[PDB]
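Listing of model.csv; format and content: CSV, N, CA and C atoms.
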chain,number,residue,atom,x,y,z
A,42,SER,N,5.4,3.8,29.8
A,42,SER,CA,4.3,4.7,29.3
A,42,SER,C,4.8,5.6,28.2
A,43,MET,N,6.0,5.9,28.1
A,43,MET,CA,6.6,6.8,27.0
A,43,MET,C,6.7,6.0,25.7
A,44,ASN,N,6.7,6.7,24.5
A,44,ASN,CA,7.0,6.1,23.3
A,44,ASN,C,8.5,5.8,23.1
A,45,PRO,N,8.9,4.7,22.4
A,45,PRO,CA,10.3,4.5,22.1
A,45,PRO,C,10.6,5.2,20.7
A,46,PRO,N,11.9,5.2,20.4
A,46,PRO,CA,12.2,5.7,19.0
A,46,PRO,C,11.4,4.7,18.0
A,47,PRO,N,11.0,5.2,16.9
A,47,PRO,CA,10.4,4.4,15.9
A,47,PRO,C,11.3,3.4,15.2
A,48,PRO,N,10.8,2.4,14.6
A,48,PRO,CA,11.7,1.5,13.8
A,48,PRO,C,12.5,2.3,12.8
A,49,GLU,N,13.7,1.8,12.5
A,49,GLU,CA,14.6,2.3,11.4
A,49,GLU,C,13.9,2.3,10.1
A,50,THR,N,13.9,3.4,9.3
A,50,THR,CA,13.5,3.5,7.9
A,50,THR,C,14.6,3.9,7.0
A,51,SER,N,15.7,4.2,7.6
A,51,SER,CA,16.9,4.7,6.8
A,51,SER,C,18.2,4.2,7.5
A,52,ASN,N,19.0,3.6,6.6
A,52,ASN,CA,20.3,3.1,7.1
A,52,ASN,C,21.3,3.0,5.9
A,53,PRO,N,22.1,4.0,5.6
A,53,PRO,CA,22.8,4.1,4.4
A,53,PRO,C,23.8,2.9,4.2
A,54,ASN,N,24.3,2.3,5.3
A,54,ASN,CA,25.2,1.2,5.1
A,54,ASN,C,24.5,-0.2,4.9
A,55,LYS,N,23.2,-0.2,5.0
A,55,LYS,CA,22.4,-1.4,4.7
A,55,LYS,C,22.3,-1.6,3.2
A,56,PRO,N,22.8,-2.7,2.7
A,56,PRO,CA,22.7,-2.9,1.2
A,56,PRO,C,21.2,-3.1,0.8
A,57,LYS,N,20.9,-2.6,-0.4
A,57,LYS,CA,19.5,-2.4,-0.9
A,57,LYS,C,19.3,-3.0,-2.2
A,58,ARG,N,18.1,-3.4,-2.5
A,58,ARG,CA,17.7,-3.8,-3.9
A,58,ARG,C,16.3,-3.3,-4.2
A,59,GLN,N,16.1,-3.1,-5.5
A,59,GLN,CA,14.8,-2.9,-6.1
A,59,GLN,C,14.4,-4.0,-7.0
A,60,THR,N,13.6,-4.9,-6.6
A,60,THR,CA,13.2,-6.1,-7.3
A,60,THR,C,11.8,-6.2,-7.7
A,61,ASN,N,11.4,-7.0,-8.6
A,61,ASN,CA,10.0,-7.1,-9.0
A,61,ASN,C,9.1,-7.6,-7.9
A,62,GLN,N,9.6,-8.4,-7.0
A,62,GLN,CA,8.9,-8.8,-5.8
A,62,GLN,C,8.6,-7.7,-4.8
A,63,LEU,N,9.7,-6.9,-4.6
A,63,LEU,CA,9.6,-5.7,-3.7
A,63,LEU,C,8.7,-4.7,-4.3
A,64,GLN,N,8.7,-4.5,-5.7
A,64,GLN,CA,7.8,-3.6,-6.3
A,64,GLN,C,6.3,-4.0,-6.2
A,65,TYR,N,6.1,-5.3,-6.3
A,65,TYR,CA,4.8,-5.9,-6.0
A,65,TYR,C,4.3,-5.6,-4.6
A,66,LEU,N,5.2,-5.8,-3.6
A,66,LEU,CA,4.9,-5.5,-2.2
A,66,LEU,C,4.4,-4.1,-2.0
A,67,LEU,N,5.0,-3.2,-2.7
A,67,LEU,CA,4.5,-1.8,-2.6
A,67,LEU,C,3.3,-1.5,-3.5
A,68,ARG,N,3.3,-1.9,-4.7
A,68,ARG,CA,2.3,-1.5,-5.7
A,68,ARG,C,1.0,-2.2,-5.5
A,69,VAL,N,1.1,-3.5,-5.0
A,69,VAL,CA,-0.1,-4.4,-4.8
A,69,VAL,C,-0.4,-4.5,-3.3
A,70,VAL,N,0.6,-5.1,-2.5
A,70,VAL,CA,0.3,-5.5,-1.1
A,70,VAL,C,0.1,-4.3,-0.2
A,71,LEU,N,1.0,-3.4,-0.1
A,71,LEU,CA,0.9,-2.2,0.7
A,71,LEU,C,-0.3,-1.3,0.3
A,72,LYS,N,-0.4,-1.1,-1.0
A,72,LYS,CA,-1.4,-0.2,-1.5
A,72,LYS,C,-2.8,-0.7,-1.2
A,73,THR,N,-3.0,-2.0,-1.3
A,73,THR,CA,-4.3,-2.7,-1.0
A,73,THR,C,-4.7,-2.5,0.4
A,74,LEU,N,-3.7,-2.8,1.3
A,74,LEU,CA,-4.0,-2.7,2.8
A,74,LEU,C,-4.2,-1.2,3.2
A,75,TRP,N,-3.4,-0.3,2.6
A,75,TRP,CA,-3.4,1.1,3.1
A,75,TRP,C,-4.7,1.8,2.8
A,76,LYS,N,-5.4,1.4,1.7
A,76,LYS,CA,-6.6,2.1,1.3
A,76,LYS,C,-7.8,1.5,2.0
A,77,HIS,N,-7.6,0.4,2.7
A,77,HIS,CA,-8.8,-0.3,3.3
A,77,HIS,C,-9.4,0.5,4.5
A,78,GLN,N,-10.7,0.3,4.7
A,78,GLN,CA,-11.4,1.0,5.8
A,78,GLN,C,-10.9,0.7,7.1
A,79,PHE,N,-10.2,-0.4,7.3
A,79,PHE,CA,-9.6,-0.7,8.7
A,79,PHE,C,-8.1,-0.4,8.8
A,80,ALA,N,-7.6,0.3,7.8
A,80,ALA,CA,-6.1,0.6,7.8
A,80,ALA,C,-5.7,1.6,8.9
A,81,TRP,N,-6.6,2.5,9.3
A,81,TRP,CA,-6.1,3.7,10.1
A,81,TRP,C,-5.3,3.4,11.4
A,82,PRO,N,-5.7,2.3,12.2
A,82,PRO,CA,-4.9,2.2,13.4
A,82,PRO,C,-3.4,1.6,13.1
A,83,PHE,N,-3.2,1.2,11.9
A,83,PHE,CA,-2.0,0.6,11.5
A,83,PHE,C,-1.1,1.4,10.6
A,84,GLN,N,-1.5,2.7,10.3
A,84,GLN,CA,-0.8,3.5,9.4
A,84,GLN,C,0.3,4.3,10.0
A,85,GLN,N,0.6,4.1,11.2
A,85,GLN,CA,1.7,4.8,12.0
A,85,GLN,C,2.1,4.0,13.2
A,86,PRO,N,3.3,4.2,13.7
A,86,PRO,CA,3.7,3.5,15.0
A,86,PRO,C,2.6,3.8,16.1
A,87,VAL,N,2.4,2.8,16.9
A,87,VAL,CA,1.5,2.9,18.1
A,87,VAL,C,2.0,4.0,19.0
A,88,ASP,N,1.1,5.1,19.1
A,88,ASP,CA,1.4,6.2,20.1
A,88,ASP,C,0.8,5.8,21.4
A,89,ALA,N,1.6,5.2,22.3
A,89,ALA,CA,1.2,4.8,23.6
A,89,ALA,C,0.7,5.9,24.5
A,90,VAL,N,1.2,7.1,24.3
A,90,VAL,CA,0.7,8.3,25.0
A,90,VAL,C,-0.7,8.7,24.6
A,91,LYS,N,-0.8,9.0,23.3
A,91,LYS,CA,-2.1,9.4,22.8
A,91,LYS,C,-3.2,8.4,23.0
A,92,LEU,N,-2.9,7.1,22.8
A,92,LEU,CA,-3.8,6.0,23.0
A,92,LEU,C,-4.0,5.5,24.4
A,93,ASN,N,-3.3,6.1,25.3
A,93,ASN,CA,-3.3,5.6,26.7
A,93,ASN,C,-3.1,4.1,26.9
A,94,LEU,N,-2.0,3.6,26.4
A,94,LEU,CA,-1.6,2.2,26.4
A,94,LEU,C,-0.2,2.2,27.1
A,95,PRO,N,-0.2,2.5,28.4
A,95,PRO,CA,1.1,2.7,29.1
A,95,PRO,C,2.0,1.4,29.1
A,96,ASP,N,1.3,0.2,29.0
A,96,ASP,CA,2.0,-1.1,29.0
A,96,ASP,C,2.4,-1.6,27.6
A,97,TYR,N,2.0,-0.9,26.5
A,97,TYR,CA,2.1,-1.4,25.1
A,97,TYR,C,3.6,-1.8,24.9
A,98,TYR,N,4.5,-0.9,25.1
A,98,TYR,CA,5.9,-1.2,24.8
A,98,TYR,C,6.6,-2.0,25.9
A,99,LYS,N,6.0,-2.3,27.0
A,99,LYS,CA,6.5,-3.3,27.9
A,99,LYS,C,6.3,-4.7,27.4
A,100,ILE,N,5.2,-4.8,26.6
A,100,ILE,CA,4.8,-6.1,26.0
A,100,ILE,C,5.3,-6.3,24.6
A,101,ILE,N,5.3,-5.3,23.8
A,101,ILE,CA,5.6,-5.4,22.4
A,101,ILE,C,7.0,-4.8,22.2
A,102,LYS,N,8.0,-5.7,22.0
A,102,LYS,CA,9.4,-5.4,21.8
A,102,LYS,C,9.9,-5.3,20.4
A,103,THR,N,9.1,-5.7,19.5
A,103,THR,CA,9.5,-5.6,18.0
A,103,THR,C,8.3,-4.9,17.3
A,104,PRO,N,8.1,-3.6,17.6
A,104,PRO,CA,7.0,-2.8,17.0
A,104,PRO,C,7.1,-2.7,15.5
A,105,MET,N,5.9,-2.7,14.8
A,105,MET,CA,5.9,-2.6,13.4
A,105,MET,C,4.5,-2.1,13.0
A,106,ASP,N,4.5,-1.3,11.9
A,106,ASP,CA,3.3,-0.7,11.4
A,106,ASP,C,3.4,-0.4,9.9
A,107,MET,N,2.3,-0.1,9.2
A,107,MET,CA,2.3,0.1,7.8
A,107,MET,C,3.0,1.5,7.4
A,108,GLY,N,3.0,2.5,8.3
A,108,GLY,CA,3.6,3.7,8.0
A,108,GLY,C,5.1,3.5,7.8
A,109,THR,N,5.7,2.7,8.8
A,109,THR,CA,7.1,2.3,8.7
A,109,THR,C,7.3,1.4,7.5
A,110,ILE,N,6.5,0.4,7.2
A,110,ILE,CA,6.7,-0.4,6.0
A,110,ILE,C,6.6,0.5,4.7
A,111,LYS,N,5.7,1.4,4.7
A,111,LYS,CA,5.5,2.3,3.5
A,111,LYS,C,6.8,3.1,3.3
A,112,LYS,N,7.4,3.7,4.3
A,112,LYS,CA,8.6,4.4,4.2
A,112,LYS,C,9.8,3.5,3.8
A,113,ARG,N,9.8,2.3,4.4
A,113,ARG,CA,10.8,1.3,4.0
A,113,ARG,C,10.8,1.0,2.5
A,114,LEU,N,9.5,0.8,2.0
A,114,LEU,CA,9.4,0.4,0.6
A,114,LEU,C,9.7,1.6,-0.3
A,115,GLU,N,9.2,2.8,0.0
A,115,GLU,CA,9.4,4.0,-0.8
A,115,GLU,C,10.9,4.4,-0.8
A,116,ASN,N,11.6,4.2,0.3
A,116,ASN,CA,13.0,4.5,0.4
A,116,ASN,C,13.9,3.4,0.2
A,117,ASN,N,13.4,2.3,-0.5
A,117,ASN,CA,14.2,1.1,-0.8
A,117,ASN,C,15.1,0.7,0.3
A,118,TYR,N,14.5,0.4,1.5
A,118,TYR,CA,15.2,0.0,2.7
A,118,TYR,C,15.6,-1.5,2.6
A,119,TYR,N,14.8,-2.3,1.9
A,119,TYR,CA,15.0,-3.7,1.9
A,119,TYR,C,16.0,-4.3,0.9
A,120,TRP,N,16.5,-5.5,1.2
A,120,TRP,CA,17.2,-6.4,0.3
A,120,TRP,C,16.3,-7.3,-0.4
A,121,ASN,N,15.4,-7.9,0.3
A,121,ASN,CA,14.5,-8.9,-0.3
A,121,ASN,C,13.1,-8.9,0.2
A,122,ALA,N,12.2,-9.6,-0.5
A,122,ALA,CA,10.8,-9.6,-0.2
A,122,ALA,C,10.5,-10.2,1.2
A,123,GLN,N,11.2,-11.2,1.6
A,123,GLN,CA,11.0,-11.9,2.9
A,123,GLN,C,11.1,-10.9,4.0
A,124,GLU,N,12.1,-9.9,4.0
A,124,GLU,CA,12.2,-8.9,5.0
A,124,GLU,C,10.9,-8.1,5.2
A,125,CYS,N,10.3,-7.8,4.1
A,125,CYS,CA,9.1,-7.0,4.1
A,125,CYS,C,7.9,-7.8,4.5
A,126,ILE,N,7.8,-9.0,4.0
A,126,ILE,CA,6.7,-9.9,4.5
A,126,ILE,C,6.8,-10.1,6.0
A,127,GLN,N,8.1,-10.3,6.5
A,127,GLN,CA,8.3,-10.4,8.0
A,127,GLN,C,7.7,-9.2,8.7
A,128,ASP,N,7.9,-8.0,8.2
A,128,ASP,CA,7.4,-6.8,8.8
A,128,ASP,C,5.9,-6.8,8.9
A,129,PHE,N,5.2,-7.2,7.8
A,129,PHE,CA,3.7,-7.3,7.9
A,129,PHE,C,3.3,-8.4,9.0
A,130,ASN,N,4.0,-9.5,9.0
A,130,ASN,CA,3.6,-10.5,9.9
A,130,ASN,C,3.9,-10.1,11.4
A,131,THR,N,5.0,-9.3,11.6
A,131,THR,CA,5.2,-8.8,12.9
A,131,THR,C,4.1,-7.8,13.3
A,132,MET,N,3.7,-7.0,12.4
A,132,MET,CA,2.6,-6.1,12.7
A,132,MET,C,1.3,-6.8,13.2
A,133,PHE,N,0.9,-7.8,12.4
A,133,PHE,CA,-0.3,-8.6,12.7
A,133,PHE,C,-0.1,-9.3,14.1
A,134,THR,N,1.0,-10.0,14.2
A,134,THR,CA,1.4,-10.7,15.5
A,134,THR,C,1.3,-9.8,16.7
A,135,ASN,N,1.9,-8.6,16.6
A,135,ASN,CA,1.9,-7.7,17.7
A,135,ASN,C,0.5,-7.4,18.2
A,136,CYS,N,-0.4,-7.2,17.2
A,136,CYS,CA,-1.8,-6.8,17.5
A,136,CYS,C,-2.5,-8.0,18.2
A,137,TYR,N,-2.2,-9.2,17.8
A,137,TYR,CA,-2.9,-10.4,18.4
A,137,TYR,C,-2.3,-10.6,19.8
A,138,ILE,N,-1.0,-10.4,20.0
A,138,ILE,CA,-0.4,-10.5,21.3
A,138,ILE,C,-0.9,-9.5,22.3
A,139,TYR,N,-1.0,-8.2,21.9
A,139,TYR,CA,-1.3,-7.2,22.9
A,139,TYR,C,-2.8,-7.2,23.3
A,140,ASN,N,-3.6,-7.5,22.3
A,140,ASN,CA,-5.1,-7.3,22.4
A,140,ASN,C,-5.8,-8.6,22.8
A,141,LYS,N,-7.1,-8.5,23.1
A,141,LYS,CA,-7.9,-9.6,23.5
A,141,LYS,C,-8.6,-10.2,22.2
A,142,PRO,N,-8.8,-11.5,22.2
A,142,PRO,CA,-9.6,-12.1,21.1
A,142,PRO,C,-10.9,-11.4,21.0
A,143,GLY,N,-11.3,-11.1,19.7
A,143,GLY,CA,-12.6,-10.5,19.5
A,143,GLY,C,-12.6,-9.0,19.5
A,144,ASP,N,-11.6,-8.4,20.1
A,144,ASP,CA,-11.5,-6.9,20.1
A,144,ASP,C,-11.6,-6.3,18.7
A,145,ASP,N,-12.2,-5.2,18.6
A,145,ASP,CA,-12.3,-4.5,17.3
A,145,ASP,C,-11.0,-4.5,16.5
A,146,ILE,N,-9.9,-4.1,17.2
A,146,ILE,CA,-8.6,-3.9,16.6
A,146,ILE,C,-8.1,-5.3,16.0
A,147,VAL,N,-8.5,-6.4,16.7
A,147,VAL,CA,-8.1,-7.7,16.2
A,147,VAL,C,-8.9,-8.1,15.0
A,148,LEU,N,-10.2,-7.8,15.0
A,148,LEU,CA,-11.0,-8.0,13.8
A,148,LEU,C,-10.5,-7.2,12.6
A,149,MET,N,-10.0,-6.0,12.8
A,149,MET,CA,-9.4,-5.1,11.8
A,149,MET,C,-8.1,-5.7,11.2
A,150,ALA,N,-7.2,-6.2,12.1
A,150,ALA,CA,-6.0,-6.9,11.7
A,150,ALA,C,-6.3,-8.1,10.9
A,151,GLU,N,-7.3,-8.9,11.3
A,151,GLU,CA,-7.7,-10.1,10.6
A,151,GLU,C,-8.1,-9.8,9.2
A,152,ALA,N,-8.9,-8.7,9.0
A,152,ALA,CA,-9.4,-8.4,7.7
A,152,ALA,C,-8.2,-8.0,6.8
A,153,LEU,N,-7.3,-7.2,7.3
A,153,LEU,CA,-6.1,-6.8,6.5
A,153,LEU,C,-5.2,-8.0,6.2
A,154,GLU,N,-5.1,-8.9,7.2
A,154,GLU,CA,-4.2,-10.1,7.1
A,154,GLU,C,-4.8,-11.0,6.0
A,155,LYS,N,-6.1,-11.1,5.9
A,155,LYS,CA,-6.7,-12.0,4.9
A,155,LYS,C,-6.3,-11.5,3.5
A,156,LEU,N,-6.4,-10.2,3.3
A,156,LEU,CA,-6.0,-9.6,2.0
A,156,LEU,C,-4.5,-9.8,1.8
A,157,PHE,N,-3.7,-9.5,2.8
A,157,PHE,CA,-2.3,-9.8,2.7
A,157,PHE,C,-2.0,-11.2,2.2
A,158,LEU,N,-2.6,-12.2,2.8
A,158,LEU,CA,-2.4,-13.6,2.4
A,158,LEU,C,-2.8,-13.9,1.0
A,159,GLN,N,-3.9,-13.2,0.5
A,159,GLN,CA,-4.4,-13.4,-0.8
A,159,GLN,C,-3.3,-12.8,-1.8
A,160,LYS,N,-2.8,-11.6,-1.4
A,160,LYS,CA,-1.8,-11.0,-2.3
A,160,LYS,C,-0.5,-11.8,-2.4
A,161,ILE,N,0.0,-12.2,-1.2
A,161,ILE,CA,1.3,-12.9,-1.1
A,161,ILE,C,1.2,-14.3,-1.9
A,162,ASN,N,0.1,-14.9,-1.9
A,162,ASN,CA,-0.2,-16.1,-2.7
A,162,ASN,C,0.2,-15.9,-4.1
A,163,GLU,N,0.0,-14.8,-4.7
A,163,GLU,CA,0.4,-14.5,-6.0
A,163,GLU,C,1.7,-13.6,-6.2
A,164,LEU,N,2.5,-13.7,-5.2
A,164,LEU,CA,3.8,-13.0,-5.3
A,164,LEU,C,4.5,-13.5,-6.6
A,165,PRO,N,4.9,-12.5,-7.5
A,165,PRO,CA,5.5,-12.9,-8.8
A,165,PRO,C,6.8,-13.6,-8.7
A,166,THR,N,7.2,-14.5,-9.6
A,166,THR,CA,8.5,-15.1,-9.6
A,166,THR,C,9.6,-14.1,-9.8
A,167,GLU,N,10.7,-14.3,-9.2
A,167,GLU,CA,11.9,-13.5,-9.3
A,167,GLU,C,12.3,-13.3,-10.8
Please express the file's structure as structure tokens.
Amino acid sequence: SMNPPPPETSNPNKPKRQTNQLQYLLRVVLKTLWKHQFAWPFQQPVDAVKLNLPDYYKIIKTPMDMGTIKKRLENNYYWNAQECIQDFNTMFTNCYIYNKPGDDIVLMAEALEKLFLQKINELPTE
């Protein structure tokens, strides 16, 4: 029922790059999803205490959220685009795992994922 430490956003010994694909992931992908009317439940790690989800972290062992991804992109945490794309996919997958089909939160994730897929389709060449 307690919250775990949040995912890492800082790791000085992790090698880093700033690439045109990672720039696109921030300037286009993250910004598009962040501004959406359904963004709010995904803009920070799941607070299992505030949201009264005492089993959330029993079930979800690889937590991820756009607050974390936003910090990772702004602080150049990544080496490549695939790492960041995996974070988004983890976020959506977690939501579908924990929740019931048709739940509001699932519909919200689906709308963000649709946009995500549209933006990744046009990921610029390296």
Distance in Å - atom N of residue 111 in chain A versus atom C of residue 84 in chain A:
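Answer for the atom N of residue 111 in chain A to atom C of residue 84 in chain A separation: 8.1 Å.
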Just the residues within 7 Å of residue 120 in chain A, please, counting all atoms listed in the file, with nothing from its chain fewer than 5 positions along; format it as a PyMOL selection string.
chain A and resi 56-59
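Here the question is which of A:142, A:46, A:53, A:108 gets nearest to residue 75 in chain A using only C-alpha atoms, and that residue is A:108.
We find atom C of residue 86 in chain A and atom N of residue 60 in chain A to be spaced 26.7 Å apart.
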Where in range 46-138 of chain A does DSSP assign alpha helix (DSSP H), given as JSON, numbers by chain?
{"A": [61, 62, 63, 64, 65, 72, 73, 74, 75, 97, 98, 99, 100, 107, 108, 109, 110, 111, 112, 113, 114, 115, 122, 123, 124, 125, 126, 127, 128, 129, 130, 131, 132, 133, 134, 135, 136, 137, 138]}
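Nearest residue to residue 87 in chain A, choosing from A:132, A:71, A:122, A:110 and counting only C-alpha atoms: A:132.
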From the list A:107, A:69, A:125, A:100, which residue is nearest residue 82 in chain A when using only C-alpha atoms?
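For residue 82 in chain A, the nearest of the given residues is A:107.
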Choose the residue, out of A:97, A:54, A:47, A:63, that has the smallest atom-to-atom separation from residue 123 in chain A; count only C-alpha atoms.
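Using only C-alpha atoms, the shortest distance to residue 123 in chain A belongs to A:63.
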Atom N of residue 166 in chain A to atom N of residue 79 in chain A, distance in Å rounded to a single decimal:
28.1 Å
Spatial neighbours of residue 130 in chain A, 12 Å, only C-alpha atoms, chain gap at least 3 places, as a ChimeraX atom specification:
/A:103-107,110,123-127,133-137,150-151,153-155,157-158,161
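Taking all atoms listed in the file into account, residue 42 in chain A lies nearest to A:98 out of the set A:165, A:67, A:98, A:81.
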Show which residues sit within 7 Å of residue 44 in chain A, as a list in words. Count only N, CA and C atoms, and ignore same-chain residues fewer than 5 positions away.
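What passes the distance filter is residues 87, 88, 89 and 90 of chain A.
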Writing out the chosen residues with N, CA and C atoms as a short mmCIF file (atom, residue, chain, number, x, y, z; two decimals), keeping the file's coordinate frame:
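Final output, part_8.cif:
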data_model
loop_
_atom_site.label_atom_id
_atom_site.label_comp_id
_atom_site.auth_asym_id
_atom_site.auth_seq_id
_atom_site.Cartn_x
_atom_site.Cartn_y
_atom_site.Cartn_z
N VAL A 87 2.40 2.80 16.90
CA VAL A 87 1.50 2.90 18.10
C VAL A 87 2.00 4.00 19.00
N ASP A 88 1.10 5.10 19.10
CA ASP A 88 1.40 6.20 20.10
C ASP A 88 0.80 5.80 21.40
N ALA A 89 1.60 5.20 22.30
CA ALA A 89 1.20 4.80 23.60
C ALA A 89 0.70 5.90 24.50
N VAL A 90 1.20 7.10 24.30
CA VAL A 90 0.70 8.30 25.00
C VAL A 90 -0.70 8.70 24.60
#
Just range 43-56 of chain A, please, as a PDB file, in the first residue's frame (only N, CA and C atoms).
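Result saved to out-v6.pdb:
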ATOM      1  N   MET A  43       2.108   1.198   0.380  1.00  0.00           N
ATOM      2  CA  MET A  43       3.043   2.343   0.311  1.00  0.00           C
ATOM      3  C   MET A  43       3.494   2.578  -1.131  1.00  0.00           C
ATOM      4  N   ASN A  44       3.958   3.794  -1.414  1.00  0.00           N
ATOM      5  CA  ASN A  44       4.650   4.061  -2.683  1.00  0.00           C
ATOM      6  C   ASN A  44       6.111   3.603  -2.687  1.00  0.00           C
ATOM      7  N   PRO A  45       6.587   3.074  -3.829  1.00  0.00           N
ATOM      8  CA  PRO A  45       8.008   2.748  -3.992  1.00  0.00           C
ATOM      9  C   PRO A  45       8.788   3.996  -4.378  1.00  0.00           C
ATOM     10  N   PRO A  46      10.115   3.914  -4.314  1.00  0.00           N
ATOM     11  CA  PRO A  46      10.877   5.020  -4.893  1.00  0.00           C
ATOM     12  C   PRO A  46      10.463   5.157  -6.380  1.00  0.00           C
ATOM     13  N   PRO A  47      10.462   6.386  -6.920  1.00  0.00           N
ATOM     14  CA  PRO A  47      10.134   6.594  -8.323  1.00  0.00           C
ATOM     15  C   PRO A  47      11.201   6.018  -9.249  1.00  0.00           C
ATOM     16  N   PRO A  48      10.876   5.850 -10.534  1.00  0.00           N
ATOM     17  CA  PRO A  48      11.923   5.420 -11.471  1.00  0.00           C
ATOM     18  C   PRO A  48      13.063   6.425 -11.524  1.00  0.00           C
ATOM     19  N   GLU A  49      14.267   5.930 -11.803  1.00  0.00           N
ATOM     20  CA  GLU A  49      15.444   6.755 -12.010  1.00  0.00           C
ATOM     21  C   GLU A  49      15.243   7.797 -13.140  1.00  0.00           C
ATOM     22  N   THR A  50      15.646   9.046 -12.857  1.00  0.00           N
ATOM     23  CA  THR A  50      15.678  10.086 -13.899  1.00  0.00           C
ATOM     24  C   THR A  50      17.082  10.671 -14.062  1.00  0.00           C
ATOM     25  N   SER A  51      17.978  10.220 -13.189  1.00  0.00           N
ATOM     26  CA  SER A  51      19.347  10.731 -13.105  1.00  0.00           C
ATOM     27  C   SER A  51      20.276   9.563 -12.817  1.00  0.00           C
ATOM     28  N   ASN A  52      21.349   9.461 -13.608  1.00  0.00           N
ATOM     29  CA  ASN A  52      22.359   8.413 -13.428  1.00  0.00           C
ATOM     30  C   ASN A  52      23.638   8.853 -14.134  1.00  0.00           C
ATOM     31  N   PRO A  53      24.549   9.519 -13.395  1.00  0.00           N
ATOM     32  CA  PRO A  53      25.685  10.128 -14.065  1.00  0.00           C
ATOM     33  C   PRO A  53      26.562   9.158 -14.846  1.00  0.00           C
ATOM     34  N   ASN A  54      26.634   7.887 -14.436  1.00  0.00           N
ATOM     35  CA  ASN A  54      27.467   6.917 -15.156  1.00  0.00           C
ATOM     36  C   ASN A  54      26.787   6.232 -16.332  1.00  0.00           C
ATOM     37  N   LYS A  55      25.511   6.556 -16.555  1.00  0.00           N
ATOM     38  CA  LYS A  55      24.798   6.052 -17.733  1.00  0.00           C
ATOM     39  C   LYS A  55      25.182   6.913 -18.923  1.00  0.00           C
ATOM     40  N   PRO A  56      25.731   6.308 -20.003  1.00  0.00           N
ATOM     41  CA  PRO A  56      26.086   7.122 -21.174  1.00  0.00           C
ATOM     42  C   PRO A  56      24.858   7.715 -21.869  1.00  0.00           C
TER      43      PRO A  56
END
